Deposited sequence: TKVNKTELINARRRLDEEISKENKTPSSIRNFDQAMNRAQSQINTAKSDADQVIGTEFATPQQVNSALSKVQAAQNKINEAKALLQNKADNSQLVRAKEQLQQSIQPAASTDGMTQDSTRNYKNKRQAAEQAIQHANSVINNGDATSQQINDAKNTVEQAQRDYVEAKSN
C-alpha cells in the first residue's frame, strides 16, 4: 500500500500554527480550541502512527486513518481561524512622539524589562522540556522576539 498521503497528512498535524503578530485574545481563543480538540487530534495521530508503522498495512487501514487525520486537521484549522492579526500602531507611536515634542516612560520601561525576563524564563522552561512540541518552541520564540522588540522600543523613548 502507498502510505504517502497518510504520512504527509500526519506530519501536517505537527506543523506550527504561527502566533507571530497575533492578538493576545485571539491566541487565548486558539489555545482553548486546540485543547477542546486535543483528544481527537491525539487519537488521529496515534491511529495514523500505528498504520504507518504496520509493515503490511492495508489500503482500508490507510484510508480509515487518513479520514481521522483529515478530520483532526479540520479541527486544527478551525482553531487557527480564531487567530487575528495585530494592527500596526507605528504611525500612532510617531504621532504621539511628535505631540510630546510639541509640548510614565520609566514604569513602561520597567514593565517591558520584566516582560523580557519572563520571556527568558519561559524559553528556558521550553528548552529544557524534552517533550516540547514544534508549536511550543515556536510560540516561545515568537514571545522572546516580541519581548525583545518591546524592550528596545521602551528603552528608546
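Gaps between the deposited sequence and the modelled structure occur at positions 1 to 2, 106 to 116.
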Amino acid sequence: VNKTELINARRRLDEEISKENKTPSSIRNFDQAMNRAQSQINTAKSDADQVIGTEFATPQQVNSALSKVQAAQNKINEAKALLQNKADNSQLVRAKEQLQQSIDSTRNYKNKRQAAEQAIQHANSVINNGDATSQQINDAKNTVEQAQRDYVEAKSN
From here on, numbers count along this sequence of modelled residues.
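In this entry, 56 to 64 has the higher mean Cα B-factor, the comparison being between 56 to 64 and 118 to 126. Taking the PDB entry as given, 94 to 102 carries the higher mean Cα B factor of the two stretches 94 to 102 and 107 to 115. Looking at the C-alpha B-factors along this chain, the one for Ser26 belongs to the lowest third. Per the deposited record, the Cα B-factor of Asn89 falls in the middle third when ranked against the other modelled residues of its chain. The PDB entry assigns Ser46 a C-alpha temperature factor belonging to the middle third of its chain's modelled residues. Remark: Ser156 belongs to the highest third of its chain, ranked by C-alpha B-factor as recorded. Annotation for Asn2: C-alpha temperature factor in the highest third relative to the rest of the modelled chain, per the entry.
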